[PDB]
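Next up: just one chain, as structure tokens, the form deposited without the named molecule.
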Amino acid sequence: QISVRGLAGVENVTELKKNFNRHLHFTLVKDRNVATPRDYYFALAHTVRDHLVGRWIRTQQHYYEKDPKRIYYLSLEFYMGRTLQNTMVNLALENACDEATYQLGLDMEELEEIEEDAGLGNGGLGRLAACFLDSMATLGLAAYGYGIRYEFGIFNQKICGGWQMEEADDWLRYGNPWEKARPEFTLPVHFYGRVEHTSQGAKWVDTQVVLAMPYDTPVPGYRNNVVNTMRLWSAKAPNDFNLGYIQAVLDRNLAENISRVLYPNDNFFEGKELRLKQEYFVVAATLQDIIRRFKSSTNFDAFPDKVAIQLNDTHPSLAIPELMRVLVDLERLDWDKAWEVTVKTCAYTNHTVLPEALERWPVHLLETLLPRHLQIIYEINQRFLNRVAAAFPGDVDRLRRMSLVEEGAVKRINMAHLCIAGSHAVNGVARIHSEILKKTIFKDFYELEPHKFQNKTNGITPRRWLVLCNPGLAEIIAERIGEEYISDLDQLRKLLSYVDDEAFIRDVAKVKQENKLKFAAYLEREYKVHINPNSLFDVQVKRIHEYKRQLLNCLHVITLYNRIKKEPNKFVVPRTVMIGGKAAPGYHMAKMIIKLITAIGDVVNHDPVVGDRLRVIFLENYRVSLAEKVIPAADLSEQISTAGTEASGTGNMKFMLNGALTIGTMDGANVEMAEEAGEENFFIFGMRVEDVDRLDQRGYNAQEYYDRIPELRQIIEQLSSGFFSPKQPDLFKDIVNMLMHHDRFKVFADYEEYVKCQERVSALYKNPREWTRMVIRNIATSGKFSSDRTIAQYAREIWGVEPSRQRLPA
């Protein structure tokens, strides 16, 4: 049908049909008379997986011959989403499979919709890991994603009476055709025990053994015939475990709990033992595998020439003491040689400055669970503080601040401190975030070792986030400038010579309108809801957080509503305001914000005076596959975090790529997005980092804003008095109370400038041609925000390897 989906050759289509019927019969043991749409999805999945297999085997083979430096991306989260369309896109099979399925009387798009998201992540961080694996394969890096195969990923979100309910994400119920179990490479992981000191050094004994069983998932590069590996570990009890009889077998479930469930906290730390078990489990099994692969090339001087280990935040920080433990206790290297090897192997990406998100593990937990690691951590701390003392003699305060060990009621290990000490590179995830690291929380570490601190601004894969989710936009771009941009997104700048071309302006607006019609219909079908598709689609999709200020958005929506009620017969640009995201299940305030969003919707959507001029929709179960639908349908991207809180964001980039204008604060990658497009092509409002600091010094008094802004007082009096909760007048007293007395994120301080800036968005939306021209200027400058740029920067400036776009032979 469309050019960027590849060729449907007569041979290819015939062969895809033969193999689809072979899998339906032999693999699924179904005839065509009893097959369900789900059997047809599986037969197709198996048929596309067959095209991966040769490439996967030849790629892993090639890495054995050439023995390049190996990259190990350690993450507790890989937010993969669906695999089928991504595989077809990257193998150029999409049109062939459309054709082959059409000739068997099936709709490929209907079968695509039956795939479960691999939801093994919370949001930005897990999804960055997935975009990275795609970019590492596209750039021919010998890269491995290592993590945990959670039985249950991020919970499925139901709304009941406007409240979030959680349901278990049973994503493996029907089987995962993408993974290959490798039970033959099962490795032991040790817990508890105690340290004995001998003549021959320290010895970790009386440990409980958990087995780590790997599942390999293929990661295809973009048409380069490279297939890298994501290895995920599953926890298994040994067969002698507890071995009255019955209970011993049932108690195997204590050990297997380690890989049962993803912790559903976004940008928050929960100090639970099961979480620390997950962190050690992935580090212990991964490092044995890394070392096994290295020894099949005694001499560990070459280890950092053959191995880069990237730590995705501090979640796998134990990789540092674990590598020391293996090198010192098992390989019998001296401390200093082992440490040199460790520092040159490890690098640490920091993702947040929020105090409540930084991992600070109580010493009593590490003492019980990982006694030897705690000894190695104390020893690291001693030798690290001795270097601080020598460089800053007499600065005892620096020594207390830089310590890996925090003093207090409970002693904690600062895992971030451990990562900086044990890594040759520390990077933030956007320029402003990397600057904030050097000026604030890591100032001391920066003054000791300025050379370690880098920026690597985040990116998104234009494969999933343009070609796959927005084929119509991909196509009209390819019509003008060819296909090369999909693996070289900087080529999108060539679109600037088309901002005054009438046909291109018409095609960009037509794709946007088609995406909106398609998404409005998706809402009708799956959730019986009626939206005007000629309205401005104002979309805020991201995890529910105080710092991301969904509440600021709520205040704008109630402001629009109050303005309609006051002057009902005046023209307003119509809007569908859509807010979606999950709250962490124990995050009371995030759960109240969801409830307020739905409560606003219950009042606004049923007011006859409002008409189809204002709709408020809570998008249920926001996840990777809902993002692929709603991002392409959006007109306005809401990126309205308080300046200095959103380290980068990646949602922002997705919408820039897909033809939405951004209303945002000078926070995270928003700053670099505005720099690339021009400030005049961006709806920037609100405090800078500098202004928030000025407010903090004098004191944030919310009362002042409530007293000076009559429009804001009206909203607060409405919230307080039960305008939005008639049967429960005090339902939202916690929200009012927090906004008035304990707002860390200064929602009221940005209110006036937000509402005024939202009027400028409406004004431009009245002028379709100038809206679409500004959209073109955004799409055209979105190249920097490709994960291909990000990974090429990690590769050249951290890992010491050269990316490549050269194809492996088929």
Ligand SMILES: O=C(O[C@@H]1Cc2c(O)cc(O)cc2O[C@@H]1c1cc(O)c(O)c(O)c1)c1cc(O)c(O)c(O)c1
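One rule holds for the numbers: they count along the sequence shown, beginning at 1.
Please report whether at least a third of the other compared entries leave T298 without coordinates.
Yes, left without coordinates in at least a third.
Residues with no coordinates between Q382 and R383 in the deposited sequence, how many: none, 1 to 3, 4 to 9, or 10 or more?
The entry has no unmodelled residues between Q382 and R383.
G244 preceded by how many uncoordinated deposited residues after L243
4 to 9 residues lack coordinates between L243 and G244.
If you take the mean CA temperature factor per stretch, which one wins between 27-35 and 768-776?
Mean C-alpha B-factor is greater for 27-35.
Stretch exceeding the other in mean C-alpha B-factor - 459-467, 178-186:
Looking at the recorded C-alpha B-factors, 178-186 comes out higher on average.
Which of these, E526, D305, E628, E77, has its C-alpha atom at the highest B-factor, as the entry lists it?
By C-alpha B-factor in the record, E526 ranks first.
Whose CA atom has the top B-factor in the entry, of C160, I148, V577, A677?
Of the candidates given, the C-alpha B-factor peaks at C160.
Determine, from the deposited record, the chain-internal third of the Cα B-factor for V747: lowest, middle or highest.
Lowest third - that is where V747 ends up once the chain's C-alpha B-factors are sorted.
Could you look up the Cα B-factor of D788 in the entry and say which third of the chain it sits in: lowest, middle or highest?
For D788, the deposited C-alpha B-factor lands in the lowest third.
Would you please rank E356 by its C-alpha temperature factor against the other modelled residues of its chain and give the third it falls in: lowest, middle or highest?
Tercile = middle for this residue's CA B-factor.
Assigned third (lowest, middle, highest) for the C-alpha B factor of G123
According to the entry, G123 has a C-alpha B-factor in the chain's lowest third.
Considering every modelled residue of the chain and its Cα B-factor in the PDB entry, is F155 in the lowest, middle or highest third?
Lowest third of the chain for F155's C-alpha B-factor.
Another form, the form deposited with the named molecule bound, is not on view; read the next lines as being about it.
Given the stretches 528-536, 556-564, 514-522, 322-330, which is the single one in contact with the named molecule in the deposited complex, using a heavy atom cutoff of 4.5 Å?
One stretch meets the cut-off, namely 514-522.
Report whether the minimum heavy atom distance between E113 and the named molecule in the deposited complex is within 4.5 Å.
Within the cut-off, so yes.
With the partner left out of view, is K494 within 4.5 angstroms of the named molecule in the deposited complex by any non-hydrogen atom?
No, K494 is distant from the partner.
Within a 4.5 Å heavy atom cut-off, is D696 in contact with the named molecule in the deposited complex?
Result no; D696 lies far from the named molecule in the deposited complex.
Given that the named molecule is not shown alongside this chain, does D170 nevertheless sit within 4.5 Å of it in the deposited complex, heavy atom to heavy atom?
Taking the distances in the deposited complex, the answer for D170 is no, it never comes within 4.5 Å of the named molecule.
Within 4.5 Å of the named molecule in the deposited complex, heavy atoms considered, which of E680, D240, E484, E109?
By the 4.5 Å heavy-atom cutoff, the listed residue in contact is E109.
In the deposited complex, the residue from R223, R431, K629, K510 that sits within 4.5 Å of the named molecule by heavy atoms:
Selected option: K629.
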